[PDB]
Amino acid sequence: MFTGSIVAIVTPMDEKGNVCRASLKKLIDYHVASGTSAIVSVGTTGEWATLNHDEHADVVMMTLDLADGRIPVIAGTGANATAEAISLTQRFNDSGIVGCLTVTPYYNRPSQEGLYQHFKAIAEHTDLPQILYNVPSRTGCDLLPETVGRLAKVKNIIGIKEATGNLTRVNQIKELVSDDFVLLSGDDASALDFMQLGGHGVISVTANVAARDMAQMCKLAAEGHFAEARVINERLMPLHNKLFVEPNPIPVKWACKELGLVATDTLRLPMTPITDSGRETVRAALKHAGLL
């Protein structure tokens, strides 16, 4: 549910940019069969950025309908205005999602005290578990360990997706929070290292195309079998890097199409079609992973 390999699932689209239900069903079945712990619906990799609030709700509800109770769903619910994050969250209360993934405000660069008031207010108006989401390269704001410590005292703020790739954050956060607070990597390339230092899992792009291997790697890491998990990570390392050779989710949607998991690799502007050179790098990564 909030540990192990969690996929940040693509939002598959037809040629017009509308959600492809048939493609989504195939992905969801794939994750159920491959042992993925949960699905993050309309996260970053799900083009949270370019869906409107309504389309967003629809993809989440569709994922819940297709999932049919077989795999837990977490929805992306972040916003850069605290009133808007509260309002959006209300739409998912009692939807069937198990939790919300809520990103630090982007663009407006609030203070730490602002982040604290933001997240505390969101949490106050829902019974759903909240997972905080720190990704400074995208938002311009860095939610620091001291603030995560203050927010972890709020009953339903249950963990953090830490996407800095700065592995010192693991034990800085861990020492400030209770043993039940969940630490999840949001950086596939450093995620095994993150788990080895005491993290609990990963919210992953790679998992979209290597679900079984991600699931086994995370299970080995949780049991302490790091040498063994590292053999898997070494085969997935080209994917961990090359799925970001052009802006995510351009590479992963192309990989999903190439494997046949989705009908088209279409995305919404300002995301553009993968370049020829990108296709070649991604294909080589897929073959390194044994997927083609």
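The first residue of the shown sequence is 1; numbering continues from there.
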**Which of 85-93 and 99-107 has higher mean CA B factor, as the PDB entry lists it** = 85-93
**Fill in**
Looking only at C-alpha temperature factors in the entry, 148-156 or 198-206, the higher average sits in 148-156
**Request:** Select lowest, middle or highest to describe the third in which the CA B-factor of residue 240 falls within its chain in this entry.
**Result:** lowest
**Fill in**
By the entry's values, the third containing the CA B factor of residue 31 is the lowest
**Request:** Please place residue 6 in the lowest, middle or highest third of its chain by C-alpha B factor as given in the entry.
**Result:** lowest
**Message:** How does the C-alpha B factor of residue 232 compare with the rest of the chain: lowest, middle or highest third?
**Reply:** lowest
**Item:** Position of residue 251 among the chain's modelled residues by C-alpha B-factor, lowest, middle or highest third
**Value:** lowest
